[PDB]
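Chemist: Protein sequence lines correspond, in order, to chains X and P. Using our numbering, you'd call the opening residue of the first sequence number 15 and step up by one each time. Using our numbering, you'd call the opening residue of the second sequence number 15 and step up by one each time. All C-beta atoms in this analysis are idealised placements derived from N, C-alpha and C, irrespective of residue type, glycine included.
There are 2 protein chains.
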Amino acid sequence: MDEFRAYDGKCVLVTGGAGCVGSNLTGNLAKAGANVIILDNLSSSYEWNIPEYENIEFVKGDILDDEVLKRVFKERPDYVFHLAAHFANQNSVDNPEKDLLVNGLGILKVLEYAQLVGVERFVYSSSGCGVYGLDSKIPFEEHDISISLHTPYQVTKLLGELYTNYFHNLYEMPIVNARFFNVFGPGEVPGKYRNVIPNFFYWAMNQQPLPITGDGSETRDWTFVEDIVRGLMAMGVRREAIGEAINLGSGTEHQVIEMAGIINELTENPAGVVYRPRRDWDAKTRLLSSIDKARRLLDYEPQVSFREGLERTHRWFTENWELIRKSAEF
Amino acid sequence: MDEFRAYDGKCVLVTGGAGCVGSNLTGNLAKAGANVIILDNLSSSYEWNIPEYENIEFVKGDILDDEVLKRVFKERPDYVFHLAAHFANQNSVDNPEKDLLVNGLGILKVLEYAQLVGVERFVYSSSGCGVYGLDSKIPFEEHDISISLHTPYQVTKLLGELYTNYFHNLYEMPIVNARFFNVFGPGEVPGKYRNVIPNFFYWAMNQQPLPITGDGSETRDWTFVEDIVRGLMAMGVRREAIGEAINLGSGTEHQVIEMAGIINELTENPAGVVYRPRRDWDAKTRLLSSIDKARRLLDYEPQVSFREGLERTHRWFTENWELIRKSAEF
Ligand SMILES: O=c1ccn([C@@H]2O[C@H](COP(=O)(O)OP(=O)(O)O)[C@@H](O)[C@H]2O)c(=O)[nH]1
Ligand SMILES: O=c1ccn([C@@H]2O[C@H](COP(=O)(O)OP(=O)(O)O)[C@@H](O)[C@H]2O)c(=O)[nH]1
Ligand SMILES: Nc1ncnc2c1ncn2[C@@H]1O[C@H](COP(=O)(O)O)[C@@H](O)[C@H]1O
Ligand SMILES: Nc1ncnc2c1ncn2[C@@H]1O[C@H](COP(=O)(O)O)[C@@H](O)[C@H]1O
Ligand SMILES: [Cl-]
Ligand SMILES: [Cl-]
Ligand SMILES: [Cl-]
Ligand SMILES: [Cl-]
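(1) Counting only the same chain and skipping the five closest in sequence on each side, list residues whose C-beta sits under 6 Å from that of X/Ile-256.
(2) Please classify P/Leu-130 as buried or exposed, where buried requires at least 16 neighbouring CB atoms within 10 angstroms.
(3) Which residues, in order along the region 90–121 of chain P, keep a beta-carbon less than 8 Å from a beta-carbon of chain X?
(4) With C-beta atoms as the reference, is P/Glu-134 less than 9 Å away from P/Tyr-185?
(5) From the DSSP output, read off the bridge partner residues of P/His-268.
(6) For P/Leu-301, would you say it is in contact with chain X, using Cβ-to-Cβ distances shorter than 9 Å as the test?
(7) List the whole-angstrom C-beta distance separating P/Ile-159 from P/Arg-300, where the pair is believed to meet the contact cut-off of C-beta under 8 Å.
(8) Which residues in the same chain have their Cβ closer than 6 Å to the Cβ of P/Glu-155, if we skip the five residues on either side of it in sequence?
(9) Is it true that the region 33–47 of chain P meets the region 55–74 of chain P, where meeting means three or more beta-carbon pairs spaced less than 8 Å apart?
(10) For P/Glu-17, which of P/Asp-113, P/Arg-329, P/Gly-250 and P/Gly-323 has the nearest alpha-carbon?
(11) Tell whether a beta-carbon distance below 9 Å holds between P/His-100 and P/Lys-88.
(12) Measure how close the beta-carbons of P/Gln-104 and P/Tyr-207 come, nearest whole angstrom, since I'm counting them as under 8 Å.
(13) Flag P/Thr-165 as yes if its beta-carbon sits less than 9 Å from any beta-carbon of chain X, otherwise no.
(14) Pick out whichever of X/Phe-344, X/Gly-205, X/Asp-241 and X/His-182 has its Cα sitting closest to the Cα of X/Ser-319.
(15) Classify P/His-157 as helix, strand or coil using the three-state DSSP reduction.
(16) According to DSSP, which residues form a beta bridge with residue 7 of chain P?
(17) Please list the partners that P/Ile-260 has in chain X, where partner means a Cβ-to-Cβ separation under 7 Å.
(18) Mind checking whether P/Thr-227 and P/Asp-296 have CB atoms under 9 Å apart?
(19) Could you give the DSSP three-state label for P/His-164: helix, strand or coil?
(20) If contact means a Cβ-Cβ distance below 9 Å, which residues of the region 293–317 of chain X contact chain P?
(21) In the DSSP assignment, find the unbroken beta strand (DSSP E) run with P/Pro-212 in it and report its ends.
(22) Looking only at C-alpha atoms, which of X/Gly-263, X/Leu-39 and X/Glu-254 sits nearest to X/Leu-311?
(23) Which of the three DSSP states is assigned to X/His-182 in this structure?
(24) Tell me whether P/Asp-54 is buried or exposed, calling it buried when 16 or more other Cβ atoms sit within 10 Å of its Cβ.
(25) Since X/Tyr-138 meets chain P, which of its residues come closer than 8 Å, beta carbon to beta carbon?
(26) Are the C-beta atoms of X/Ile-52 and some chain P residue less than 9 Å apart?
(27) Quickly, what does DSSP pair P/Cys-25 with across the bridge? List them, please.
(28) Could one say the Cβ of X/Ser-162 lies closer than 9 Å to chain P's Cβ atoms, at least one of them?
(29) X/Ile-242 CB to nearest chain P CB: under 9 Å?
(30) Taking 8 Å as the cut-off, does the CB of P/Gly-230 come closer than this to any heavy atom belonging to ligand 2?
(31) Alpha carbon to alpha carbon, how far is P/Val-169 from P/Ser-58?
(32) Rounded to whole angstroms, what is the Cα-Cα separation between P/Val-243 and P/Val-35?
(33) Going by Cα to Cα distance, which pick from P/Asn-283, P/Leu-125, P/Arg-290 and P/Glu-61 is closest to P/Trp-217?
(34) For P/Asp-54, verify whether its CB is less than 8 Å away from any heavy atom of ligand 4.
(35) To the nearest angstrom, how far is it from the Cα of X/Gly-31 to the Cα of X/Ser-37?
(36) According to DSSP, which residues form a beta bridge with X/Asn-261?
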């Protein structure tokens, strides 16, 4: 609160700033007095998702385009939050080159420009799916990484860390690698390549059965977007985060069948659940992070329960239902 | 010997097959009866470097070009040795995007085509510089990797492993990741971005002082090219190599000043040595691999001593001196 007043009067660039995390993040930066610039190509998000503040400048463009990168970086951002990404697992399996260009060459370009102007922090949204392998012990600790991965998204999420660490090591760029665990909340529009919670909300609110890809006992560590954002904002300002990879998760597990049940309950869906095979790239029956490093370095602590998070997500759906129906990416 | 007769009558694609490793490798495959196809854009090598055998087809082209990839992959290779790379540390620091396209997108394309036709083995030339970090214990063991790297080449060398493991994990591609340690021998032309041994030969044979970037006590594990090739050829056929990363090195250390001394002695250079600062990306005062996994899995054993290797390298230089002078990349 008093912490985040280091953003007041600062120029902050959020690539991917119109998505779920970005929209919530830009809103909070704007409240803290930052002059926020969003760069987003609207490939998975919509302009309507951006919160309306005088001190948010929205720039439609691509991180692969050197023209628009010069346009935003000539503003000389003090902070870059790099949230632009080709999302996610299936999308990357389907389109692995595109995935590499966006997540590999895209971050590299953004880093190169960041080096040219100098930044106080470069905070990259990495992934807990992209680094903890079948041999990593649950709950996942940041040192315990694998290079044996199951999708090109996992590959390129780790690649982004390879690049931020490089720029830290050779050029002393103050980077932070935030390993997000299954983010959910207001601001993720549903669609073919999107996450399960918004799709389950969307299907349940059309009274369709929720398709479970597995037996339902698979777990995730679902982290509410507002928790993620408080994590990110601490990462921008705490010296101790510099050069570190840090999990941002809830630190608790929930079963897919529980999550489906809550969503059916909240939406008064009568159609229940149907079972489908496990997706072939999905080797993870469990994901669970250890958030002790984030507590230590950032005084991070999740504040929003799984249930409260689902309820908030539901409210977002009901309040923007027709817009979500127009916008859904199936 | 009896081992390598599994290559007889087989189609083998060697990307980067005109370089130092590739030229030596293609020659040996040709002797074993393989129908060898080289794909090489001649960016750091020359056509004169390719050994003359009836059963080597040379295709000038780039791994980034989908047309030429269709041309070679329609031959349906049983084996791919992927040696095409953007080389190396300084080159990558200077040209990091180019580096990513060649080492990241290039390997990804080659892997995608390999998946389309099916291969018996996909052997990738990774690097011992690209994966063992400042915290990795010497002698370097294959599990003991870092994601904190010092050049984009190191980054993209590891990226190639990320991709081969992916294709192994999702699509059961029989891959092998060969982590080469400072290769040297006949077939590396000297130049601005090239390795120290050929440049030291070139400078010494022009009676110029050998520039040492450091104090001279820094060590490498220099591995003679013919040893590397015997490693690669075992990797193509041994079931036990499938899915593995395996160091190919000498397993011994030599100081830079020793190496300079030998080269000055061999070339009768009178100009001695001069000292220059450590290159800023070069955090490695020592590199030394553990080759116990290669012994175990491939019955690999270096046969050529450092000294014998330097003498052979020298012979190559004297025998092709004028061609090397025309060809040098400074
Ligand atoms: O339509 C779907 C999509 C996902 N899942 C399950 O929900 C969890 C999270 O899936 P998501 O695609 O949101 O994230 P990821 O698998 O990438 O963590 C996984 O255990 C899936 O098996 C599901 O049951 N039905
Ligand atoms: O012109 C040079 C180039 C390299 N080296 C040294 O020789 C070793 C190997 O350098 P090279 O560039 O061949 O390989 P790498 O550093 O990538 O292992 C290193 O310890 C360098 O400091 C040197 O003394 N002079
Ligand atoms: N190449 C790109 N350039 C700029 N923005 C992008 C690019 N790719 C994806 N995005 C955006 O980045 C955000 C990523 O959020 P998500 O889709 O949750 O991963 C979305 O708002 C996308 O529209
Ligand atoms: N993009 C590329 N496509 C095809 N061959 C390449 C490419 N980049 C480099 N090469 C070749 O790959 C070999 C790599 O050997 P080296 O230069 O020792 O790393 C050389 O013969 C190069 O000419
Ligand atoms: Cl592992
Ligand atoms: Cl601080
Ligand atoms: Cl490390
Ligand atoms: Cl065997």
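Modeler: In terms of the structure at hand:
(1) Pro-188
(2) exposed
(3) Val-107, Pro-110, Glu-111, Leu-114, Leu-115, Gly-118 and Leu-119
(4) no
(5) P/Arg-234
(6) no
(7) Not quite, the Cβ-Cβ distance comes to about 17 Å (not below 8 Å), so this is no contact.
(8) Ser-304
(9) yes
(10) P/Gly-250
(11) no
(12) 6 Å
(13) yes
(14) X/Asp-241
(15) coil
(16) The requested residue 7 of chain P is not part of the displayed model; chain P covers only 15 to 344.
(17) The contacting residues do not exist; P/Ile-260 stays about 14 Å from chain X at best.
(18) yes
(19) coil
(20) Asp-294, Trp-295 and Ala-297
(21) Taken as a continuous stretch (DSSP letters only), P/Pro-212 belongs to no beta strand (DSSP E), being part of the alpha helix (DSSP H) at 210–219.
(22) X/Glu-254
(23) helix
(24) buried
(25) Within 8 Å Cβ-Cβ: nothing; X/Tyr-138 doesn't reach chain P, min ~13 Å.
(26) no
(27) P/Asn-49
(28) yes
(29) no
(30) yes
(31) 20 Å
(32) 7 Å
(33) P/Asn-283
(34) yes
(35) 6 Å
(36) X/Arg-193
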